Each structure stands twice: as C-alpha cells, then as structure tokens.
4 protein chains.
Amino acid sequence: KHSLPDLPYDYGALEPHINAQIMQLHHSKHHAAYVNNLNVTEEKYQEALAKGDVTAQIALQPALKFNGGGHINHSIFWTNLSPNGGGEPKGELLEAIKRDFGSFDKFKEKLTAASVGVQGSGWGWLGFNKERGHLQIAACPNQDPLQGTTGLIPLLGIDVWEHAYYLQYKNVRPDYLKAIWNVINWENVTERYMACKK
Amino acid sequence: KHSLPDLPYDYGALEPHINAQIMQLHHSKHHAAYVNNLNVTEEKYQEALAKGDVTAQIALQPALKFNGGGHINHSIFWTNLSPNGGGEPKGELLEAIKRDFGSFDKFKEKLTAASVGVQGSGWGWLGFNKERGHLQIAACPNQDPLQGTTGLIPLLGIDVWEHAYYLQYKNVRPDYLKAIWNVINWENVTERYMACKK
Amino acid sequence: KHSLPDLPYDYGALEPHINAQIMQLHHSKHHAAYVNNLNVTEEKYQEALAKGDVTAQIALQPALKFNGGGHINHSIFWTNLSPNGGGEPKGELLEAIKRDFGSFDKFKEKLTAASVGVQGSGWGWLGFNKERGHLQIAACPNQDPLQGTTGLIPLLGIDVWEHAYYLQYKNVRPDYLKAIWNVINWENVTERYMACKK
Amino acid sequence: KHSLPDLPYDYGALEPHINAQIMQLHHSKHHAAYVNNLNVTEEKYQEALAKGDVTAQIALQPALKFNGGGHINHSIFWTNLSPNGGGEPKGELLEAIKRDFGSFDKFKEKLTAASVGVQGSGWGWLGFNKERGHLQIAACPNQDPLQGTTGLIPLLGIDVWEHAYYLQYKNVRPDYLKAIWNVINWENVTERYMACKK
Ligand SMILES: [Mn+2]
Ligand SMILES: [Mn+2]
Ligand SMILES: [Mn+2]
Ligand SMILES: [Mn+2]
C-alpha cells in the first residue's frame, strides 16, 4: 500500500508565501489523488506482470509515472519547505552551490530560470549528479520524477504546475517563485545533499 | 504583428459556468502573454532564417509552438463559447456527431473523456479528419495546436490547463467540464464544421 | 520467461523481397535481443514492484517498452509475412479497406505514406479502432507498440527501422516498402481483422 | 541555398574502421537527402512566416529539425573523422577530459556508454557546457542537433543511427563504436574545443 505523508507543518505555517488554501488542497486533494491511483495501478501492474502481459504492462506506464512520480515529487516538496527554514544554506551545501553556480544568487536565478520557463505543467529542480560529483539544475515535465527520469538526486524541487500557485499568484509564476525562497528549508535540502557523498 | 482578439462577450457573460475572474485573466493576462512572445519569436525567427541559421532556428521552435499554438488554441476557444450558445448542435453537425459517436451524449462522454484525462496541462478537441471525411476527437499537450500538430480541423476545443478552471473548480477538472457544455456556442462550432466539406 | 517465436518460413522463403541475410539477423540477432532484455527487465520490475520502489520502477520503463514493444512488434511482423501470402485481402477485410481508404490502392499509398515518413527508426501500421469500429493507419516510434501505446489493434505492421531493409535497399526505404507487398500474408492480417468484431 | 560539404578524405580513407561503402552512401545518398529537404522546407517556411501562418509554420517544424539537424549533425561528423586523426587528444582538450571524466579511458567509456544506449536511432555527443565552463556528454534522438536542442557546443559526435554501421557491423553497434576511436580526428575536436573559451 502507499500512503500520504502528513506535511511537517500545518497548512497555515507557510503563510504568506504560499497560502494555507493552497497547502490545504496540494496535500489533501492533489497528492492524495496520486497516491491512490499509484496504488490501483501498481496493483494492476503486479497482476499483468504476473500474466507476462506486455501490452497492458506498457499501457499502465504513463499512469504509473504520473502518479508514481507525482507521489514522490510532492513527497520531497513538503520536506523542502518549513517556517524555520529559509534563508541561505549553511556549510557544505552552500559551498557546493558556490563551486557550481559561482554564488548563491547566481544559483538562485539559475533555478528560478529553469522553473519559470517550464512550458506547461512541470517542476524546477536542484539536483545532484553523482556520476560527476556535483550539483545540477534540471527541469522535469508533469509529474516526471528527477531520479526516475534523469538519475540525478533531488535535493530541492519547486512545483511550477499552476495548482501550486494560481489561487494566490494567478498568472504570475515568478511571484510565486520569489515568495518560495523564504520558506525553503535548507536544513533538509542539505540532508539530501550530504547523503550523496562525492 | 499579431494581436489579441477581443472576446465576443464580456468576462461576465459566461457566468456561472466559467466565472468572469477566470475570463478576465485567460484573455488579458494569459492569451496576451502568448501573442506578445509569438511576435518577439517570429521576429527573431525571420532574422535567423534570413541568416540561414539552422541551430538558432531549431532553438526558437518550442517557443514558437507554445505561443504560436497558444495564440491559436485560445483564439478558437472564445469563439467556441457564448451565452446564447449552448445546448445541442442543430442540423448537419449534430448528424455527423450521430454518425461518428453514435449519439450526442456518447459524443459528450467521448470528449469529457479526452479532456479529463489530459495528464498535466493540455486541451481536449472535437476535430475534423478531412482525409477520412469525418469527425474525430483528439487531445493535445500544452499549447500544442490541433491542426499544426495533427492536421485535424478544430471545430470545438476545451482548455483543461489548470488556469482555465482552478480559481473556481479547484482540483475538480470534471466539474468545470460539466459547466462547460452550457456555454458551448454550437452555432460557431458548426461554422467550422461546414467549412470542411466532405 | 519469454521466448523467441520460430518464424513461419525459413529465412530464405521471403526472397527476393526481403533477403534471407536480413531474415537471418532480424529474427535471431535482433528479436532475440529484445526477448532476453524483456526477461531481465520484467524480472527486475517484479522485484522493484514488490519493494514498492517507485523510482526504480519508473527507471525500468523505457527498457520495458523498447524490448517489450520490440518483442511484440516483431512477433506480429513474421506472421504478417508469407510466400503463399501476398496479393490483395479477400472478403471482409478487403471491404473494410474499401470502406475506409476508398480502395486497396488508396489504402496501399496511405500505408507506404505512414511508413516512408517515419522520421528516424519506427513502424508503419494498419490497425483497428475498435472504439469507432473501423480500420486505422498509425505510425509508431522505435519499438513503441500499436496497442500498448495507442489502443488500436494490429492487423498489418511494416518495420521501417533501417535494420529491416538496409543490407538490401540501403538508403532507399520506399523500395523496401514496394517489395514488401508481395510477401504480405493477407490470410493472417485478416485473422487479426476478424478477431476485432464491430 | 544549403549545400553538401565535400568530406575531407575519400570514402576509402576511413578503412577498415568504417568502410568506403558506408562513407559513399552516408555523404552522398544520406546527408544530401537532408540538405535538399532543408532547402525545400526553409523555402516553404520563409513563405508561411511571411503570411504570418502559424499552423503551417508549426507543421513545417519536425521537417525542419530532422533535415536541419540532419544537415548539421552529419556536417560536424566528417570533420570529427580523419586517417591522420585518431589516438589521444593532446594538450588542453585532453586535460579538460581528465578534469571532467577523470581520465581519457573513463571519458571513452562514458561516451561509448551514451552512444551504445541510444534506444532506436540517434547520436552520442562529447559537448561543451559553456554556462558551466566544462565538458559534457549528451546523447540526442534522430537528427536532433546538440546545440539546437540542448545549447551544448559540439566538439565530437558519434552517429549510432543504423545507417552508420549496419552494412559492416550489422547488429553489433559497440563494434562500430570500438573501430570509431581509430579515425577520431582529435585535431578538429580540439579546434571546436578551444573555440568555447571558459
Ligand atoms: Mn503539484
Ligand atoms: Mn489557456
Ligand atoms: Mn526490426
Ligand atoms: Mn547519419
């Protein structure tokens, strides 16, 4: 079975950057949608695998990636956010940011960059490229997962799907994206960071 | 130059199905975004064509389709909607619907079908397949145009991009999709229809 | 376990249309490659499913579709070919061809059409669209299966991957495509046809 | 007008690695195909741009990228190959290879890696990522150009489209890929390299 994470703060705790109406729905109506369909599909995909049924296995695949990836994209997100989060990453992570984007503000535009240009629905990502032992920004389509689709390890991800900001910023994706920095829980983005080791 | 169509009714005129806050923004902040970037890109793409510069031509391509298709997808949409629109297509169009989906409610389910399943951002489409002289439902990704990407002729399209319903239906795409029928200006969907001739 | 079909004729039996060097390799070196990797992957995909491991499940997906689809695309192919095959489809199938493409020669160009324009590697397909009870030509990318990716039922498929003709027609895909008609086992393309029933 | 480059050696000059039957056809029948269709399409695309005809512009797009990118992918290729080419990149380029893949054999494996895994038709690429001032291996689909589609600068590319090796290595892509090293004209791959400057 797969289950919906409780988010590490109330809905309320990310005001004013992200309002609680958006957190209310992102977690409960949105993320829960994916977990449940992940479950129905994975269910169906251990049945069809078992029969060796390669066309219904291939047919259950976009379903599996949308909800699969939609479950794990949004599960990393809540953790990347926190009220006593925010500011700039201390220590090691910061230094890697410095070593790879030149400076934290250069790193910040480079990620607003990726995120603000997702044509349609998708995500912006600060990832880790462990074959090259460095940071790496990537943007992903729909709920297409960073590691499931590129092999890069997710440290920080930004949802730019309209359901993530619209009820608040309306058409202005980059306003959302500016608010977002203030709740970025660098203490966890670092934990993910450290996990990766050279 | 490309210019933003005025929509054929005030924002207000599609209440309660689509509220005027949504119409206000879809036309003004959203569609206008695409026209203007269409223009900057087409500008740049007659410069680079002129230099025979095939890599910057290929680079301006997703930009051109997003805003190109985003301009023409949304320009057909306003025309497919009207207050004294709605109900059931009379005459010829209805009959083709009957001949191709069996009945208008079978046709309606088949198009909610397409639309409600757009993984991510995209559109549901009642099109015309002129190589086979019949109707044809198609769903398109992002602002990927029906005829620019499939050759099918657009008669009726439904935006299922979240920016089309979210401020009102929130996570409930199919509620939007049920409201939508009541403003469907069949008189124009028919005009597009007739244009196609066998 | 998945196993390689024996092909229903010797390599030799499709001369001169397709030479036996090509049949030798298509079946033995090519198709067998896919079956074996289908097996290793499906193996790995019942392990990771079992652990509920959604990122390695999503990572095994292009592997599964390439070899999955590559196994079932090529398994339908051999059956669509035969020496005492060829000519035009008798009875019902022919009539559906007449009803959907106007005539067998109109149907033949419409399928050379699809096949000859596969940008890169892929397949041309005479399929069945069972939601609309009619024939339907479709072209698929790489070893992307007709029914696994579109829901259409495969009656006749043409490989236009270069490995299918190159050792013989070299750069001339459409020469291959003309030869191909002469070995088209219409007796089986019909059996697939009939299976579909309205 | 666009014109076919003469290749910098006779067909013959890359034996035994790539045979002259393959060079004969790659340059003459294959690359020439793309130049000519580039030309017809670019022609049509300055007509339709001129009329502001956004759906026929979007329709001429896959045509333009296939032949556009197919023209420029194959034009860089001939230059990356030479008889008095081969071996090990001297100086600066070598050092960047050392700095980015650890060693030239690690770099070689990493690029056979990319190339040998192109599902279907495509290319493996040693590129330059000028926003990060370093080397970067990328693999591209069909004739999808490195810089036109990723912004990375092409220094060395390997065609793994079957038309590049099949008449010689048949199903064995990696044999082709091993032969390939021996004709790699490092003197030019370096010139492209140096052009990029930090
Ligand atoms: Mn989301
Ligand atoms: Mn819209
Ligand atoms: Mn094949
Ligand atoms: Mn080539």
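The residues of chain B that appear here are 25-222 by Swiss-Prot count, in order.
Cβ coordinates are placed from backbone N, Cα and C, and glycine is handled just like the others.
Taking B:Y35, B:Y58, B:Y69, B:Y200 one by one, Swiss-Prot attaches 3'-nitrotyrosine to B:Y58.
Residue-level annotations in Swiss-Prot identify, among B:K130, B:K134, B:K130 as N6-acetyllysine.
Looking up B:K68, B:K154 in Swiss-Prot shows the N6-acetyllysine annotation sitting on B:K68.
On the backbone, the CA of B:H98 (Mn(2+) binding site) and the CA of B:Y58 (3'-nitrotyrosine) stand 9 Å apart. Working note on the recorded positions B:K68, B:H98, B:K130, B:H187: by count of other C-beta atoms within 10 Å of each C-beta, B:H98 ranks first. When the C-beta distance to chain A is held to under 8 angstroms, the recorded positions B:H50, B:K68, B:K75, B:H98, B:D183, B:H187 reduce to B:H187, listed in sequence order. Taking the C-alpha positions, the distance from B:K202 (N6-acetyllysine) to B:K130 (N6-acetyllysine) comes to 14 Å. B:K75 (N6-succinyllysine): 9 other CB atoms within 10 A of its CB, across all protein chains. The Cβ of B:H50 (Mn(2+) binding site) lies under 8 Å from the Cβ of B:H98, B:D183, B:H187, B:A188, each of which sits 6+ residues away along the same chain.
Around B:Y58 (3'-nitrotyrosine), the C-beta neighbours below 8 angstroms that are at least 6 residues distant in the chain are B:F90, B:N91, B:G94, B:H95, B:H98, B:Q167.
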